[PDB]
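For reference, the chains in residue letters:
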Protein chains: 2
Amino acid sequence: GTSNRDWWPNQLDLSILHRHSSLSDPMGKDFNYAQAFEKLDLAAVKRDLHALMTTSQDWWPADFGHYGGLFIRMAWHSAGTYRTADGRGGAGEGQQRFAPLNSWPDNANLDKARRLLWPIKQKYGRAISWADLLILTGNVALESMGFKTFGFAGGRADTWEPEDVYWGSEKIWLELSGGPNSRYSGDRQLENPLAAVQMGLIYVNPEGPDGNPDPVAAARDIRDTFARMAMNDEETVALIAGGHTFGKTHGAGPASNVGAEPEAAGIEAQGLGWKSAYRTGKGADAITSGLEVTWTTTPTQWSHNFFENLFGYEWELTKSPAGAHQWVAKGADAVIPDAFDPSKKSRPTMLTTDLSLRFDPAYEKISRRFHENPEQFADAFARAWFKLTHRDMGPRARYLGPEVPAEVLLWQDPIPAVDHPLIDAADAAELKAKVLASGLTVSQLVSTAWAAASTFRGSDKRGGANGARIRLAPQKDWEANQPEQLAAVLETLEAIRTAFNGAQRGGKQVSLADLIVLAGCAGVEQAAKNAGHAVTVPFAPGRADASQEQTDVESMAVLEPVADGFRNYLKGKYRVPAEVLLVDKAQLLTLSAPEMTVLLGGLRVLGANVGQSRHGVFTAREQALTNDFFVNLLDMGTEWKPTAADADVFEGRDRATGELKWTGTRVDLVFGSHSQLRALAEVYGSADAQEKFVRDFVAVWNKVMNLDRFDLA
Amino acid sequence: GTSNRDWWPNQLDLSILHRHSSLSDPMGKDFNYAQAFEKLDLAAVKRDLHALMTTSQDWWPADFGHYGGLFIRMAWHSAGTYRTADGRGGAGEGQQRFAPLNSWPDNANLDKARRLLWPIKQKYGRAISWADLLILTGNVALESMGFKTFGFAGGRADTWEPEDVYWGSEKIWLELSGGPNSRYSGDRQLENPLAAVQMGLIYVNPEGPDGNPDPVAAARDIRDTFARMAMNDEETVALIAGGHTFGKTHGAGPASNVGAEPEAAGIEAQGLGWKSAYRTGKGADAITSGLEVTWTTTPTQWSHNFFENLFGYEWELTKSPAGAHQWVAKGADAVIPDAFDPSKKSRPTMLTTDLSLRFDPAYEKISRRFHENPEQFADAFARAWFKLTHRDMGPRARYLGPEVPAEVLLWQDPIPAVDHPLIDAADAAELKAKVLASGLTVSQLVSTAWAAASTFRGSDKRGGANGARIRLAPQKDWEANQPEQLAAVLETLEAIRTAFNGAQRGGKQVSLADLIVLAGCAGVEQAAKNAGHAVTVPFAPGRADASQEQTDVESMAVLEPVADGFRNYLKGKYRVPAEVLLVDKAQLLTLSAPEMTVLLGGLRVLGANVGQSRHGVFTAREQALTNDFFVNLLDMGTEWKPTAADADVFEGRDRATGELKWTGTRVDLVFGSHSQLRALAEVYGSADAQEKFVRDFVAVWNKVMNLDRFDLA
Ligand code: HEM
Ligand code: HEM
Ligand code: NA
Ligand code: NA
């Protein structure tokens, strides 16, 4: 059936903002997964998982009698989709079980891994999510094989449909670079926000870049994609060499034997795929990647044999039984055990990308250090595996259960504990009055709190106003944050703060994080007053102030808004139209279309635009909270045309007189163009809507202010 | 951005069932449009709309100084998308304002018509929906031009996104038939459920079939598409001649002048389209369809001049200024006024399709009657216009406001008023106990009530258990309803009914509609009992029993379930896969994916299958309400293969022994295959799920039982 997408493939898609409704969710609207999990007997789950490790099923027999390797790969692929650019992907939503990730080529036969866990999932039911279970199974596999983990946190709630993520534009699985939808240009520059070299791969190609088996050039791709997953060189070497301490690859025959991936398979395959016509199709005969490598002499036990082999042999380029490039140790004895035949052994083998750890000069130094100092290796890999599998979980307040590590890590963007009484309602009213008496404007107050709060993204739950990181590097210098104006607001709030705190008894004090947000509430209340309305804006104290030392400047860089339609800001030219960038930002903020609508209409009349631009300021009473934006946008007495100078700025003129009334951007005008957005603007631009507009605005404002407040969850 | 639909274009689409969530609705969750509308000053709206008719706006000047014809066309197109095969389309949701209908070529310049309404929509806000307003505006246009309408009901609540409708498979607007995606086959047989000849047309081509200007052959396409919109020959002639009493068509120059439709237009167009480069692009120079016909000597006043002209002249083929085929009376004087120049007149003209009303033999008899007796014409047209514009509104209980016609029309599937006291909670318990003591089985009870209630479709709100039409023709003979079995159940319930009613004092009695539902509730309660659980199934009395005289048998035919996955029933072979037909039935029932899941898994183990098929009956305790369907479907100990005899029936065998355990259809096994549905099945198949399964079953059961109960709204 022909769809709207077919007729108008370039129209904006809003259904990303209405994903994950109560309609698709089988659990009741008050189901709280954290509460369910906190009562789970996690020790009992771990016992079952230990028992599963050596309980081989005949439809997918365990290599070496132990599913540990398979489960470690499973959990690493669960986490391995993460991109620091947008926070999307990662293990935190258990998206490995839905399309498209369940059917990516690099996830081949992880459908079998997930099926092996159904009896445990079924036993514990709602008290352990798939998302948590995948990770927990990875940890138990490590532990079962003699590797002490750093810890584990539960709390990843299950999801019920695919996440809308941009995974690239290629229309061919695994397409090599330089095609019509190439993700590479220039000197092998991978397009943001992508973090994989080919469509359907986790990070890199194990044969080498575009299949060329050059470990030096493969190292460049490893370093770039791991960095785009938040990992440095030390973590990268620890993760790859730690993971390939275990298990094996699967390439026993030609890949042509493997049939349809799970989304393409017949109904009778009951959710599984990649059924293989090669011999038994499984076990000794398994084909997954097409490579046939077993790294160590004890593939079901933690050892130091990875780096012994990597350094201890010279390597020769060979081909697996499926035809894939791989390496074999020159002159070695047959020391590597077979997965199924006790009487067979083979020579040590490596992937191209394992050799990168020796032949890239920076990796080589780290690899050598880990070879000479195996305790450092073990500790780095323990830390890196915890980071891998928790990087998208957000603040530590979300972490549940008895195995959470007490050590606070830099990457968690930590927020100090609050150890003093919080301001009360009377103190808040006092501080708001101070703020409004300082001479700070509506615009200033609203802009600052928006700047502080709107860094949040729900994809990985980073950002938000807690921590008062707007006063630190790098946020204080972001162009969207108007650094000179920002500094003058923070100076004035800091003096208010110091005066208030210096007057208190007991240990009562307000943080700057809380004051920034309360000040913005005061600005919204003053704006309402300016429009003739009595409005109280909710405020929840309890934020604390992070230090510079608790704020990794390079990791914060990915939170910078280079496009923020809510401040009519675009830092440069993008190929994606500005209204598409708006919808993307609304999605990261967790807003619906109605919420995005109301929020933007309000912010325009409150003076939140960067640079005091007039674009979209469709009111004669700036800094008053009204629905003027909508009423004026929708006035058919105004005719709109793109300007001569810039086709993304428009002038609105009186259709009768030709007089200039307004200017606007695409972000502004899209609310008068797009037929779903226009229908929302009409609600808010009606004669009976001023109250509804104010109430709805205050609600979304408060929502944004509280995005990161998982301490109150 | 490559999507899942790109990689797997034939996978089942569930997002149809999660449309219209609370996420996308700008109105609060307690907004009740009926309550809003009941306090609208309807008379005031109609005054504003009357004034509008003659208040020309320079961006779309009114023909003849009067927008009445434009508004008539607007409201006819709003209603004219309706199809009786599925109930989809129609004016009841205001979908003309969304894609794709806002941009259909037959909807050209209706965007201007909707924009002329915004000031009124704005004035009255949420108290009149767009959906009601479009229709009301057509009524006021009629009335302002001297035509007495039959009535008007409000209550069509607005929607906030496009409806998912199959409008055809063609990939080119207006594609002539016989293409690669032809909607015709055989001897010009149009595919169900479509009701238009070309993609983007309301019903037929005004030039004739695929542009052949033969009025005789055009009449066959009129008859077929009107019939697919539930109109007979009398109603069709009345509607066409009545609508073409007014206004004109627009074809002043070549169609190449006309630019992008609204969804393709630039952002500066602010939701309008079809901008024309022909001269002024509007008014005297307007181009819409490309035809240039003005039917009567008084295009702004009700008259009988359509038929005077049609019969009074002999007609000759000519071409409009855009090159379209049309007809002119060459022997006539210049008697037809120009729309903008008071000094110009022209000859009478007609469309091909207008001439069908004289040259088709069955039409000609009716047109002749209406010519000779224009009072009969006026009355047929008023009745047909009311039917046209209310056909999708559902039961009369939904009709709001002061202009509802008191006459009860057979097409409305009327339900008699209830004039007696209703049974109370103790009476319901007594009746449940009597039903269960009769010997009627859980399976009988469940199946009967499912059969009675599951005719409902939310597309046009027809069907459901109110009326007890399951005892009447044609429902009592539908093969899905198991007519011999059903008759035995209805006999037993009827005797229970007569006994209970004969024992009452003071007028209290129960309807058979209510008893059929209540007996079903007893069956569900007994099934829960059989599983070891005491539950009470909610029941709301107040249904009444319709007679055979109040039931149009021919109109009921479209409600026959020919595919009902909930009873594992397919009346024949279809090219559409059975699981697709399940999701389509779930959508018509207003079910979300979780509701569909729970409901189907319960009905399987209750014995609701047609013919007591064992397909999907994955339980050893049939007639007990358990989660067995899910537990057994998901058991990896069972392996599934298509049968040799039928590739859509599957055998489930023990993986170890080969012992035959179960059989299923695609409808059953989709729940173990599809990655979203299987995630749902897992919830209800988990060890902690027995309570949740029974509670969710009872809720969805009760939902289905109450679908048509707009008397309790
Ligand atoms: C440069 C990055 C990486 C590359 C290119 C890569 C490549 C692969 C390939 C091709 C396989 C074989 C799949 C099969 O045929 O069954 C595999 C297996 C595996 N990888 Fe990696 N790997 C990477 C990083 C990781 C990381 C970070 C971890 C975990 C910390 C990991 C742990 C595993 C383990 C445990 C297996 C064995 C699976 C089994 O025993 O069934 N690898 N790797
Ligand atoms: C066989 C069915 C019909 C055909 C093929 C048809 C065709 C058309 C065409 C091609 C136009 C010209 C559009 C334009 O160029 O502006 C139009 C105009 C119109 N039609 Fe129909 N029509 C049909 C049935 C109806 C019915 C059922 C009604 C209402 C009861 C209706 C009422 C009107 C009115 C009022 C106009 C004039 C619009 C104006 O004044 O701007 N028609 N018709
Ligand atoms: Na994420
Ligand atoms: Na409908």
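Rules of the game
- Residues numbered from 1 in each chain as written, not as in the entry; some residues may be left out.
- Chains lettered and ligands numbered in written order.
- Heavy atoms only, no water.
- UniProt positions renumbered as here; feature names shortened; annotations may be inferred.
- Helix = DSSP H or I, 4+ residues; strand = E, 2+ residues; numbered from the N terminus.
- Rg over C-alpha atoms; globule rule 2.2 N^0.38 Å.
- Buried < 20%, exposed > 50% of the residue type's maximum accessible area, 1.4 Å probe, protein only.
- Areas by Shrake-Rupley, 256 points an atom, 1.4 Å probe, with all protein chains shown as cover.
- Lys, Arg positive; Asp, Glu negative; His and termini not counted.
- Charge placed at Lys NZ, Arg CZ, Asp CG, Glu CD.
- Contact = heavy atoms within 4.5 Å.
- Polar contact = N/O pair within 3.5 Å; in protein donor to acceptor, adjacent residues only side chain to side chain.
- Donors = N, O, S within 2.8 Å, 3.2 Å for Na, K, Ca; no water.
- Near = heavy atom within 4 Å.
- Nonpolar A, V, L, I, M, F, W, Y, C, P; charged D, E, K, R; others polar.
- Domains from an automatic or database assignment.
- Axes fitted to C-alpha atoms, helices over the stretch in contact; angles between N-to-C directions.
- Parallel < 35°, antiparallel > 145°, perpendicular 65-115°, else oblique.
- Core = buried A, V, L, I, M, F, W, Y, C linked by side-chain atoms within 4.5 Å.
- Buried area = accessible area lost by both parts, 1.4 Å probe.
- Salt bridge = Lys/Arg side-chain N within 4 Å of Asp/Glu carboxyl O.
- Pairing = 2+ DSSP bridges.
- Least-squares fit on C-alpha atoms.

Looking at the PDB entry, one finds chain A named Catalase-peroxidase, with Burkholderia pseudomallei as its source organism. UniProt's Function comment on chain A is quoted here verbatim: "Bifunctional enzyme with both catalase and broad-spectrum peroxidase activity."

Caption draft 1: Layout of the overall build of chain A. Broken down by element type, chain A carries 24 helices and twelve strands. For chain A, whose C-alpha radius of gyration is 28 Å, the value lies close to the compact-globule estimate of 27 Å for 713 residues. Dimensions of chain A, computed from C-alpha atoms along their principal axes, come out at roughly 90 × 65 × 50 Å. The burial tally for chain A puts 60% of its 713 residues in the buried class. Accessible surface for chain A amounts to roughly 26100 Å². Of this, 52% is attributable to carbon and sulfur atoms. Taking the 73 positively charged and 89 negatively charged side chains of chain A as two groups, their mean positions are separated by 2 Å.

Caption draft 2: Geometry of the environment of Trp-160 of chain A. Along the polypeptide, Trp-160 of chain A turns up in the loop between α7 (130-144) and β1 (184-185). Residue class for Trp-160 of chain A comes out buried when judged on its relative accessible area of 13%. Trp-160 of chain A sits 120 residues away from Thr-280 of chain A along the chain, and the two C-alpha atoms are 34 Å apart. Not counting residues up to four positions away in its chain, the partners in contact with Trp-160 of chain A are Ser-24, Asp-25, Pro-26, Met-27, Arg-97 and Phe-98 of chain A together with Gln-676, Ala-679, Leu-680 and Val-683 of chain B. Polar contacts involving the side chain of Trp-160 of chain A include one to the side chain of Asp-25 of chain A, which spans 3.4 Å.

Caption draft 3: Inspection of the coordination of the iron atom of ligand 1 at higher detail. From the protein, the iron atom of ligand 1 takes a single donor atom, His-244 of chain A (NE2), 2.1 Å away. Structurally, the position occupied by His-244 of chain A is in the loop between α9 (233-243) and α10 (305-312).

Caption draft 4: Region of the structure containing the site of ligand 1. Residues and elements named next belong to chain A. Close to ligand 1 lie 25 residues, the nearest being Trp-76, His-244, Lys-248, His-250 and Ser-289. At 2.9 Å from a nitrogen atom of ligand 1 is found a side-chain nitrogen or oxygen belonging to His-244. Every element with two or more residues in the shell around ligand 1 is listed here: α4 (68-79), α9 and α13 (374-390). The element that contributes the greatest number of residues to the shell around ligand 1 is α4, accounting for five residues. Residue composition of the shell around ligand 1, by class: 14 nonpolar, nine polar and two charged. Structurally, the shell around ligand 1 is a two-domain feature, drawing no fewer than three residues from each of domain 1 (1-167 + 373-407) and domain 2 (168-372).

Caption draft 5: Structural view of the UniProt feature "active site" in chain A. Residue and element names in this part refer to chain A. Here, the residues flagged by UniProt with the feature "active site" are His-77. Positionally, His-77 belongs in helix α4. You can call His-77 buried: its relative accessible area is 7%. Not counting the four nearest positions on each side in its chain, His-77 is found in contact with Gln-96, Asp-106, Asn-107, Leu-110 and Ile-202.

Caption draft 6: Fine view of the packing of helix α20 (residues 593-606) of chain A against helix α24 (residues 690-705) of chain A. All names here are of chain A. Two elements in contact, α20 and α24, have axes whose closest approach is 9 Å; the angle formed by their N-to-C orientations is 95 degrees. It follows that α20 is roughly perpendicular to α24 by the angle criterion. Facing α20, whose interface residues are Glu-595, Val-598, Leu-599, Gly-602, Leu-603 and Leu-606, α24 presents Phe-693, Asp-696, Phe-697, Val-700, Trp-701, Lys-703 and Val-704. Considered class by class, the residues forming the contact of α20 with α24 number nine nonpolar, one polar and three charged.

Caption draft 7: Looking closely at the nonpolar core. Counting residues in each nonpolar core, the largest one holds 190 residues, and the members touching the most others are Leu-493, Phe-566, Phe-697 and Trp-701 of chain A together with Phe-71 of chain B. Broken down by element, this core gets its largest block of residues, twelve residues, from helix α17 (residues 512-530) of chain A. Every residue in contact with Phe-71 of chain B, bar those within four places of it in the chain, is listed here: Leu-52, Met-53, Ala-113, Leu-116, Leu-117, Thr-137, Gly-138 and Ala-141 of chain B.

Caption draft 8: Focus on the UniProt feature "binding site: heme b" in chain A. Those places that UniProt annotates as "binding site: heme b" correspond, in this numbering, to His-244 of chain A. Beyond its immediate stretch of four places on either side in the chain, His-244 of chain A contacts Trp-295, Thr-296, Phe-306, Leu-351 and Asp-354 of chain A.

Caption draft 9: Molecular detail of the site of ligand 2. All names here are of chain B. The local shell around ligand 2 holds 25 residues, among which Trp-76, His-244, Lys-248, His-250 and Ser-289 are the closest. Residue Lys-248 places a main-chain N or O atom 3.0 Å away from an oxygen atom belonging to ligand 2. A distance of 2.6 Å is found between an oxygen atom of ligand 2 and a side-chain nitrogen or oxygen belonging to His-250. When contributions to the shell around ligand 2 are tallied by element, the ones reaching two or more residues are α4 (68-79), α9 (233-243) and α13 (374-390).

Caption draft 10: Highlighting the environment of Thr-349 of chain A. Residue and element names in this part refer to chain A. The residue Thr-349 is located in strand β7 (residues 349-350) in this model. Between the C-alpha atoms of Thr-349 and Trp-295, which are 54 residues apart in sequence, the distance is 6.0 Å. Ignoring sequence-local partners within four residues, the contact set of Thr-349 consists of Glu-292, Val-293, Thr-294, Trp-295, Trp-315, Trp-327 and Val-328. Within the structure, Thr-349 has its side chain in polar contact with the backbone nitrogen of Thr-294 (distance 3.2 Å).

Caption draft 11: Representation of the interface of chain A and chain B. With 85 residues of chain A in contact, the opposing surface of chain B contributes 85 residues. Buried surface at the junction of chain A and chain B, summed over both partners, amounts to about 6900 Å²; 58% is from carbon and sulfur atoms. The three residues of chain A that bury the most area against chain B are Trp-7, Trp-8 and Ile-267 of chain A, which together make up 11% of that side's buried surface. In this assembly, chain A and chain B are joined by four salt bridges. In this structure, the salt-bridge partner of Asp-688 of chain B is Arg-126 of chain A, at a minimum N-O distance of 3.0 Å. Our count for the chain A to chain B interface comes out at 32 residue pairs in polar contact. If you tally residues by element for the side of chain A that touches chain B, the top one is helix α23 (residues 675-684) of chain A, at eight residues.

Caption draft 12: How the structure looks around the sheet that holds strand β7 (residues 349-350) of chain B. Spatially, the three strands line up as an open sheet ordered β3-β4-β7 (chain B), and their pairing is antiparallel. The outermost strands of the open sheet, each flanked by one partner alone, are β3 (316-319) and β7 of chain B.

Caption draft 13: The arrangement of the relation of the copies chain A and chain B in detail. For the pair chain A and chain B, the best superposition has an RMSD of 0.3 Å and corresponds to a rotation of 180 degrees with a translation of 0.0 Å parallel to the axis. Here the symmetry operator amounts to a two-fold rotation axis. Minimal C-alpha distance to the rotation axis in chain A is attained by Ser-21 of chain A, lying at 3.3 Å. Both copies contact each other with a shared surface, as 98% of the interface residues of chain A are interface residues in chain B too.

Caption draft 14: Main features of the coordination of the sodium ion (ligand 3). All names here are of chain A. Taken together, the protein donors to the sodium ion (ligand 3) comprise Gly-87 (O), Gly-89 (O) and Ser-459 (O), at separations of 2.4 Å. Along the chain, the residues donating to the sodium ion (ligand 3) fall in the pattern G-x1-G-x369-S. For the pair shown, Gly-87 and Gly-89 are each scored as buried.

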